[PDB]
Amino acid sequence: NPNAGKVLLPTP
Amino acid sequence: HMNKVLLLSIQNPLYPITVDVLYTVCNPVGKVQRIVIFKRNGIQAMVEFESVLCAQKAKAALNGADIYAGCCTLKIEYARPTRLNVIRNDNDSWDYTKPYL
């Protein structure tokens, strides 16, 4: 799971 | 089977999942052609990319990522359909080669 902790966008 | 259509499952979908959100998620990493959002095994979407390579790039970069901090976790697999068809462009389906209205 190499993308664990990756976040893509500001929270709405 | 590898394919240019991905199936996205959005775990813990605390915020709305619309085509504009998924376009901003997916298209920077793989060029998107069409998006269809539906409810089946939770909130899910198929995203058709321009090529298998583009779908592989999106799958690699986004699988296991959260759209927003602490929620909206992506589980990504190859979809069964080889193509997507969009009835109309609205919040739940969109063809990025065609106009709104």
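For the structure, check the block above.
This section reports on the structure supplied with the text.

Each value, and the rule that gives it
- Residues numbered from 1 in each chain as written, not as in the entry; some residues may be left out.
- Chains lettered and ligands numbered in written order.
- Heavy atoms only, no water.
- Residues with missing side-chain atoms left out of burial classes, pairs and counts.
- Buried < 20%, exposed > 50% of the residue type's maximum accessible area, 1.4 Å probe, protein only.
- Helix = DSSP H or I, 4+ residues; strand = E, 2+ residues; numbered from the N terminus.
- Arc of directions from axis to C-beta.
- Salt bridge = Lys/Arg side-chain N within 4 Å of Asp/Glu carboxyl O.

1. Focus on helix α1 (residues 19–26) of chain B
If you check which residues of α1(B) are buried, you get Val19(B), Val21(B), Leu22(B), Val25(B) and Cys26(B). The arc that holds every buried residue of α1(B), seen down its axis, measures 155°, which confines them to one face.

2. Considerations on the pattern of salt bridges
Residues and elements named next belong to chain B. Tallied over the full model, the rule gives 4 salt bridges over all chains. With a closest N to O distance of 3.8 Å, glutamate 48 and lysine 4 form a salt bridge. One end of the pair, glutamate 48, is in strand β3 (residues 42–49); the other, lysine 4, is in the segment before β1 (5–11), with 44 residues separating them in the sequence. You can call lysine 4 partly exposed: its relative accessible area is 28%. One salt bridge connects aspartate 90 with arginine 88, and the closest N-O pair in it is separated by 2.7 Å. Overlapping salt bridges, with partners in common, bring together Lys4, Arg34, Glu48 and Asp95 in one network.

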